[PDB]
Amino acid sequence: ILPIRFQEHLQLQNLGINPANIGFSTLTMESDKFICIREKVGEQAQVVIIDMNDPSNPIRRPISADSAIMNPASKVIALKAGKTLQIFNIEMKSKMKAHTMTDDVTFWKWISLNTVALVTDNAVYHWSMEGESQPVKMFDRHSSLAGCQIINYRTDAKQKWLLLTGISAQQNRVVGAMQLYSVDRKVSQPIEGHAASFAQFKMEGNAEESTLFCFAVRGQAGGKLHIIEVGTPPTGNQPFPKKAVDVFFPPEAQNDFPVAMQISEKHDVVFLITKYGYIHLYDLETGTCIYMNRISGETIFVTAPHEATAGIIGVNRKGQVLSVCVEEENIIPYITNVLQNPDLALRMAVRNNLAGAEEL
């Protein structure tokens, strides 16, 4: 028995996608609802839109854009060409917004159902789709990210804690540089890290939820995962005890590094995926490592939360669309019998109302 379930959803090459376009600059997956791929047939650039609830019928439309990102929940698409940004409601066949920047945008994404984040060489902006909103500057970039490839931007639920992540080669290894910004304090902190996420977590005995920041890193001296509360705890709350635990890289994977993290608030577990296709599962409360294995031979370059299972969905270099989630009927007996950790098994059973700790 395994504590996780693997599932193949699609092979993109079977939907007519050219394998040269399956990669970070041309394929976007902003949620589990859609995948968008930019392709060029002759001199005509186009976008292919795959509805994940009807994937055998993809739509190809002509474009003149260098990047395209679909809204997480709706057929509303953002396109850009250098400094020109445009937003379309596809079913309405209408241009809902247009804005001209004064810098090129090196990375962008949807950070909520209604707000786009825009990263330039110098700063980070938020752009709300509500009313007549224009972009607002959130913070200036820190010099520690100068010259990095920007690979992600994330926030907490309330958009008060903001995190930008870049990577580069230093001393023949892939080095991660993050910038954590506090909206209320107006202060940045540089942190060495590769992949991260925020989470809401309600501790035993507390009336309010805690806001947690979890980040993984491969440093000079090996891999580490950190779980720490950000900000002042709500009035009356016990503070969350911070944890730091090892992240294992085998001796044969000298160049591998963390590329993605999703946290399940249903199960309170952390899913961590590496560049070269290794999955790790950790308990969010204690930081205990539950499981590790290689699940892809091809590299993984994009992920999102998988809503149906509360897991993680991803796309590899070949075009396999794959997901991993907690196997609810096996996780408790696995932790008891394979990990031989009855303490964790009992906790996770009662905490998330799972079966299998009746016998320990």
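Numbers follow the displayed sequence, beginning with 1.
request  = Name the higher of the two by mean Cα B-factor in the PDB entry, 44 to 52 versus 300 to 308.
outcome  = Per the PDB record, 44 to 52.
inquiry  = Quick check: 226 to 234 versus 187 to 195, which has the larger average CA B-factor in the record?
reply    = So the stretch with the higher mean C-alpha B-factor is 226 to 234.
query = Going by the entry, which of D283, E208, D103, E91 has the most elevated CA B factor?
reply = Largest recorded C-alpha B-factor: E208.
Modelled-residue ranking by C-alpha temperature factor, third containing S133 = Middle third by C-alpha B-factor.
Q171 CA temperature factor, ranked by third within the chain = Highest third.
query = C-alpha B factor of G314, ranked within the chain: lowest, middle or highest third?
reply = As the PDB entry reports it, the C-alpha B-factor of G314 lands in the lowest third of its chain.
message = Is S264 in the lowest, middle or highest third of its chain when residues are ranked by C-alpha B-factor?
response = Its C-alpha B-factor, which the entry lists for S264, ranks in the middle third among residues of this chain.
ask   = Taking the C-alpha B-factors as the PDB entry records them, is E30 in the lowest, middle or highest third of its chain?
value = Its C-alpha B-factor, which the entry lists for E30, ranks in the lowest third among residues of this chain.
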